[PDB]
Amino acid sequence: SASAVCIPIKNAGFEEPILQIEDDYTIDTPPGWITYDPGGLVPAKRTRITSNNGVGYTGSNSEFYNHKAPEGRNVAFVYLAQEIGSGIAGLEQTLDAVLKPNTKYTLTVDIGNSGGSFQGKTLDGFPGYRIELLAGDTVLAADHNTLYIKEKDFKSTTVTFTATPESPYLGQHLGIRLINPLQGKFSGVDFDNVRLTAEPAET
C-alpha cells in the first residue's frame, strides 16, 4: 500500500460536467465514460422517465442521501425503467494502462443507495450493484451485490485481482464497469470516487 501506484482514470469522481443546484442531474453519459448496454435497455433518445445515466449534484442538503457525495459534488447514477431481471446496464471505461504480471490491482468505488422520494415516486428499494475490473473484454474480477447499503447511504466496495506471469491477459488494456443488475426496485444505483491502484503482488 505504501508502494501502491494509481492507474489513471478519466472523470473518476464524475466531477465533469459541473453542476451547482442541489439535486440537479444530467441524463447524458458522463464524459470519459461510455454506456454499457449489451441488451439495449438504454434508448437512443433518453428522457427523465426512460432508462438513463448521468451525473447528479449531491450536496449537504440532498434529498436522496444523508450526507454529500463521497467525493466532490457529483456522483454518477444508472437508472433502468424495465422490469426486474430484464437485463443489466451501467458505465464502462477502457484505461491506458495494460495488465502487468506480479501486480495486485485494487479497484475501489463508493456505491450509493438513493432514498427518499422524487416527484411522488419513492426511491425505496435498490437494484443491487456489480463492480468489474477488465483486461480486454474479459472480466478479471468482480464483486456482485455483496455489500448491504442502507437507503440514503453510500458504501465503499473493493475488488482485488492479482495478475501472475501465467496470466493469458498480460498486456491487455485494463477496464472498469459500474453495473446496475436490475435485481430490485426502485431500480437506480449511484457510484462515485472510482480508484484503481497497482502494487507488487504478494510474495
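We number the residues from 1 along the sequence you see.
Looking at mean Cα B-factors across 52-60 and 37-45, the upper value is held by 37-45. Looking at 118-126 and 98-106 together, the entry lists the larger mean B-factor for 118-126, computed on C-alpha atoms. Out of 158, 145, 162, 138, the entry records its largest CA B-factor for 138. Ranked by Cα temperature factor within the chain, residue 180 sits in the lowest third according to the deposited record. Ranked by Cα temperature factor within the chain, residue 5 sits in the middle third according to the deposited record.
Sort the chain's modelled residues by C-alpha temperature factor and residue 18 lands in the highest third, per the entry. Sort the chain's modelled residues by C-alpha temperature factor and residue 32 lands in the highest third, per the entry.
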